[PDB]
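Peer 1: Got a structure here, written out as structure tokens. Questions coming.
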Amino acid sequence: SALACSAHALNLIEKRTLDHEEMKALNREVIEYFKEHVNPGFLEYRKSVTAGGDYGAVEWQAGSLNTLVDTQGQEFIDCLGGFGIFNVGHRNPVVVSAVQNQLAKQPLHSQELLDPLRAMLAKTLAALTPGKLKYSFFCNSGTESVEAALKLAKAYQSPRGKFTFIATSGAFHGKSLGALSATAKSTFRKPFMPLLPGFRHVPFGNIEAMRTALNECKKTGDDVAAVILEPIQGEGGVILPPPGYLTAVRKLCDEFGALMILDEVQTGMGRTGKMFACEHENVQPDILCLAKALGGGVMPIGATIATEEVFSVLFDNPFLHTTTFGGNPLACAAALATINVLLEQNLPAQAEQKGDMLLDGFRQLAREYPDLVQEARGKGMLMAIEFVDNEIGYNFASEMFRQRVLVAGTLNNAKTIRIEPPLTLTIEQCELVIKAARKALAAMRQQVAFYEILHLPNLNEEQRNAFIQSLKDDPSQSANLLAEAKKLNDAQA
Amino acid sequence: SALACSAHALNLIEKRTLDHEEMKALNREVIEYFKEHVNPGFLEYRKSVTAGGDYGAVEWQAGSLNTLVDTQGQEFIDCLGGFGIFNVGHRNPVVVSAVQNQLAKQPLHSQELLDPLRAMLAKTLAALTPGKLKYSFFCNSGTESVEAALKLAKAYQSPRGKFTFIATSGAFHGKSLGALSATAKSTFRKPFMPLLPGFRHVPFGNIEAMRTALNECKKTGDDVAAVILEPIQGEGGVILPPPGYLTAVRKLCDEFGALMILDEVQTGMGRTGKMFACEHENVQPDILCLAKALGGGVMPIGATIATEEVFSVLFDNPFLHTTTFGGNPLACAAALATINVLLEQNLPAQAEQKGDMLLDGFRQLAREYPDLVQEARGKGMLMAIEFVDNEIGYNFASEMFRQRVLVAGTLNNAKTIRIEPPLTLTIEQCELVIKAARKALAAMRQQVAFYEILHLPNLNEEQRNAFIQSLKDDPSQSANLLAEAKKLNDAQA
Amino acid sequence: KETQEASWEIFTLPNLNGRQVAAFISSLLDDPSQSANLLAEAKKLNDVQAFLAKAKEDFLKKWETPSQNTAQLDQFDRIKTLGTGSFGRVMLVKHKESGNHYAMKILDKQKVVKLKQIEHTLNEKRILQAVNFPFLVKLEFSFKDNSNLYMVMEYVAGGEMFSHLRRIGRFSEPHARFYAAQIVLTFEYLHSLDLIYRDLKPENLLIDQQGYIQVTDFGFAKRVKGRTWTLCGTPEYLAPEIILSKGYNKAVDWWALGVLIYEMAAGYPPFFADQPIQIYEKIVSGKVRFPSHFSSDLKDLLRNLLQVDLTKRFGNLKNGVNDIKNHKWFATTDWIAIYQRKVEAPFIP
């Protein structure tokens, strides 16, 4: 019965530790259900099952601020941070109690009485945001964030006869039909077409291009309502735009009277060094999208902050754009807690020193294995290593998973991996990571070399065997023996 | 500073009671901020400020399961239930601890490791849902619910060459651009047009119409992908469709190979008498949208449950439709708690007896004041009273607000008011409500009559004064004195 | 519409009856210009009556179970002996804990019993103990011992109105308006608590350090619900009903006000003869011809208050007190400001 299934899951919430067969039990239901009620695919493409072991790595509870412990007790260092969620770490004590307090009083609002925390957050965000960004709208996610932004721009610009929206190729903005009209990857968009009419993509980091789009549209009577872009393409592979770009986009917008929308969903809340990435070039957008880390990894939340000139649209009919759960008290709680922590222990500043020590650490590794890595890149605690193959990439992401270091990448989309550990990552865990990636890079180089030695056609078995022998006895020579085998295979060529 | 504003709001979370000037202080910031950072409009159109009093009615904390207490200590009976959110009441002790437990372990997931509660919920929902509905997708709201539904239908039906979507006039489904393409009110849609191409509306409760839409589209090569409707139009004014309709829609769909999407966002989780409204006619949709009350008024959540045949689309590329926060552990917690409570204290069954005692109670009041009410209507604990004017309606919703009974309606959209108290409303509070609405209906009838006596043109001041005199001395004669004044005004006519 | 808003506001006043509101609605209907003034007055009236509600509740509480021995003799230090009566003597005292000054009245138990004054004494105390109004003397403390009763009264320097009226001779109508207005509000208050005062005369009117009035004798005042018959008072101020020996009520106070005003503006009472029996004759067939310098408005009010027809007497109509508060002679008086004591006194002793 559903009554049955509810209770069994209800008692498991209460349980805090597990007998080894209580574990086995669990992991087998959880795989069983994932296959029959969730998606069977996540069992196919995820690194938690491929490299799971005998059992998958089913989540259990948070370890420290930076660690995660599965149902077997294995503790993982999070260098994923839920793709930019866990900026203040897992269960940050300051956020968890702000939530638990608010939970004692009133978790959600009535929707009729002026709820106080939504004012306080709207206020704080006004304070925290650059230039004339004043009004906040509150939703539940990063996609609802962008949607409302699109709606604001729309309601603003359509009376002025402007309907077209420029977005950028490689841009991600959300999976809901409205945001998916601005999101750019082929794969994500094609099945659900036709999407919103009038969304046109230009290359990212290309101001010369965006002028031509804004101008062509002008000429043909399809004038641009708004331009929407991320400060850094996060999912897009940690693409950094050319210095001056965001500033130059900002003028270009101002020149053509087009609203500028900044999707700071993955670069907001101090990840890139500054509280908002658009502060590195000190650029003020007309609209700013926030989410993910705004909810301190405790709560889900999305905020849309805009200038007064733009948010005015909603003033005369405030019900034009509502949401049911948006701005609920205990989500509010969470953010104010997160906003407080970020300014107190001043973690944007931490983001920049840990963010360069790490990244440098990776582009060093990247010089030492140019045969497995094209490049590493990032800005503050948002960074990514680009491998040569998805084969290799998924092999890196997977290898370290076993070294109990949790990074990105799935079975297929894995050519470039992303490193996004909490901003609260210690200097001790910082090395432990670059160390783990060095071991990982060694072992892969071993395997890569290993095959290389085998299809050497001119090389005979007698010689090949000598190399394979010294390879296993000395994996350090994986590069030397290789060169010696290739040099030998060419000798008999 | 933002650091400053964060802390002040942070300490207020900690505070549990307020000195009367600590109150005054609060309510004035909260109004001040709402005007300068949230919306000034909500101060114009909401009943919390118009009828606020000297101060507005700023929320503070939950009272009992059915009561809410503002910053002045005034306790309100919730006959709104957050528009169908608070189905198991405010802070239902069983939900709050399931949440607080899960909060001690891990609030959000890593997105790499198989999270156990999302299996358990996916499982339970499979159990709880009629027919072949098997797979659940998890999002954050009611709008994200429908969006994914639209996306499932799309990804299913577009390979089969079907792109058009029929929705119904009066339908509400969400404010995000995708759902807003199916949502039907003019007001909500117009500013943001052009929306998704290929959405066509037909009248609700009209099977004769929907045949013609499905057939016309067939003829013209624009074959219907899916039909989407609510079992009852909730926001649409508690519109009940003709018996047999939902069943007859279900065949019509099956006949034209069109997917049937049921928006049980506001009629789900036991409000109408059954766990899902589509069980009264025992109809199984291809897709089912859930939200609101699924989160036990503690958490925000949305679920999209579908048949295997349909959810298969996502199997081969499970990342086609993801969301960042969807299915997070502590939202999961909340639902399983809510699902458990609803089956335990068997509250759908409570919904039907309280839902008829109330509603009958209103259509009685409705016979006694036919000059202020056209009709009352509902199905289980979803019900609404329809007045004659928005003037009158906002006057009812507002009047009772002061009688500390919290109902729907805003300053303008208020012709029909909705009654949606928690399913945990006691029989004692049940009368207290019908009583409060009787007082309210009296006082309005007084005022209505009062003006009626004044523009009686043939009536002189001397006579008019006698009526006004007895009116104030005996408001019960408001009907009698009126008839006597009108009869007198006609005597001098 | 703009008018209709003020109309509803007038009707929403809980303190106002059907008659009162219907009176503010009419004037509005007829004068949409004074909308704000009509709604204003309505609010004053509402508020005004509302307070009377808090005054009565507060009175009864004290009237029902009265205070006793709120002080003791060795809490004060005798400064001087101010005056002596038949009851005993009045002394100026200093409260040792505060340094405040009072006029303590000592009255010999045995001397009262002889003078057959047991009731008056008890009734005066019980009234004073329960009463609270700016223009009334305030009994601060009250106690007794073996030998005598003690009434500790707020000391106010300034003579009787009687002797003061002799000095000036007659008051200018603005001077008399200032004194009348206070007696009016006092009477409104007392009538509310169903109390006839029954002893209004210049001798019972002391003057504040602030030049305002203090009313000073309560031996006669009665908590009367319906009607009473005991005649007590000074011949000049008796309403015809008292004399005539048919029951009377609170109307009698309003008559006396009339007489009191007449005297303050004329320098002599309207019904006056060498010997009393005669003063009664002149009262009963109530022909009161005014002095020449008497304002016609002041004449109109006096013709109204001094009215043998107690169904035609200002004070006891349906608007009750409001009739003379709204009279042409009292247009230039701010009652609430009179109440606050924020009005410039015409004379300070």
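The first residue you see is number 1, and the count goes up from there.
The header says X-ray crystallography, 3.4 Å.
Placement of Cβ uses the backbone N, Cα and C atoms for every residue, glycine included.
So Swiss-Prot lists these for the protein:
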BINDING   B:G142, B:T143, B:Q266, B:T324  pyridoxal 5'-phosphate binding site
MOD_RES   B:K292  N6-(pyridoxal phosphate)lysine
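How buried are the listed features, and what sits near them?
Peer 2: Cβ neighbour count for B:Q266 (pyridoxal 5'-phosphate binding site): 30 (other Cβ atoms within 10 Å of its Cβ, all protein chains included).
Taking all protein chains in view, 30 other C-beta atoms sit within 10 angstroms of the C-beta of B:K292 (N6-(pyridoxal phosphate)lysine).
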Peer 1: Check the binding-site residues B:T143, B:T324 for other C-beta atoms within 10 angstroms of each C-beta and report the one with the most.
Peer 2: B:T143
Peer 1: To the nearest Å, how far is the Cα of B:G142 (pyridoxal 5'-phosphate binding site) from the Cα of B:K292 (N6-(pyridoxal phosphate)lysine)?
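Peer 2: With distance taken Cα to Cα, B:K292 (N6-(pyridoxal phosphate)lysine) is 7 Å from B:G142 (pyridoxal 5'-phosphate binding site).
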Peer 1: Please state whether DSSP places B:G142 (pyridoxal 5'-phosphate binding site) in a helix, a strand or coil.
Peer 2: helix
Peer 1: Please report the Cα separation of B:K292 (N6-(pyridoxal phosphate)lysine) and B:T324 (pyridoxal 5'-phosphate binding site) in Å, rounded to an integer.
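Peer 2: Pair distance, Cα basis, whole Å: 19 Å.
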Peer 1: Would you count the other C-beta atoms found within 10 angstroms of the C-beta of B:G142 (pyridoxal 5'-phosphate binding site) for me?
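Peer 2: Here the count is 33.
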